[PDB]
């Protein structure tokens, strides 16, 4: 079997490169009986149309940002990045693999002719801040660069003042005082960009943005495989997932070490209690999204049940 998968990332991009692990491990684990051809974003079709292309047989799968499909159903946006839910990728991965998330993903994408194989992420983002934030209360009044939608709405619910800016304007806007803090990227990027130098109170691990990248394929083709090959492909995906998370973690740790060694940057790790408080604020916004569709309510119910059960949110 030879299956062509389209990525949401371009050639060159470090996450695209990490995705080679999925293809390589599928070939290794199946001793060649299944091969994956990994294609950069836009090779065969538009990044928002990969589901269509998969069910049609034009490509066989994708590795992509599930938030791209929020237009189909708000549930997609909510499950892809339930702002504030996670303090580490392991939490989200456990939610998917053992807490009902994978079943939700298949309920969402089987109707499009896709089988959800497994989850990955480009990383839990770190927060950029010029002002010292150790509690949720510290967010009140802070001008925070926030993407439109659930991220901005959660920061507003926390009493912050969201500001809408392109990524390329964040650095100068901090310097000029237009913003005091920002959503940007993972710590290693924030650090490399000089963000933490001009805004010397980052929060790491971050507390608000952890995007879900799905690995999914044509469900008819999936269903035609033997159990042992399905298990090997799921295994390959898990290996890719773990290699990606560990690689991201190491790069962040490198950057944090450099930040701390300079003696000026204070890296704040919010307590479990403060993170649980942030979940509670965010939950009010998740619930608004939950009311927008049946599947969004199901995502909300499953997520909140998981968080309460794990002691991550007030019972």
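Positions refer to the first chain, counted from 1.
(request) On mean C-alpha B-factor from the PDB entry, just flag whether 250-258 or 36-44 is the higher one. (result) The stretch with the larger average C-alpha B-factor is 36-44.
(message) I need to verify one thing: averaged over C-alpha atoms only, is the B-factor higher for 300-308 or for 14-22?
(response) Higher mean C-alpha B-factor in the PDB entry: 300-308.
(request) Using the entry's values, work out which of 232, 238, 102, 145 has the largest Cα B factor. (result) The record points to 232.
(request) Determine which member of 290, 267, 63, 282 has the highest CA B-factor, using the values in the deposited entry. (result) 290 has the highest C-alpha B-factor of those listed.
(request) Select lowest, middle or highest to describe the third in which the CA B-factor of residue 220 falls within its chain in this entry. (result) Within its chain, residue 220 is a highest-third residue by C-alpha B-factor, going by the deposited values.
(request) Please rank the C-alpha B-factors of the chain's modelled residues and tell me whether residue 201 sits in the lowest, middle or highest third. (result) Answer is lowest: the recorded C-alpha B-factor places it there.
(message) Is residue 132 in the lowest, middle or highest third of its chain when residues are ranked by C-alpha B-factor?
(response) Bottom third by C-alpha B-factor.
(request) Would you mind checking where the Cα B-factor of residue 191 ranks among the modelled residues of its chain, as the lowest, middle or highest third? (result) Lowest third, going by the recorded CA B-factors of the chain.
(request) Tell me, lowest, middle or highest third: where does the Cα B factor of residue 227 rank within its chain? (result) According to the entry, residue 227 has a C-alpha B-factor in the chain's highest third.
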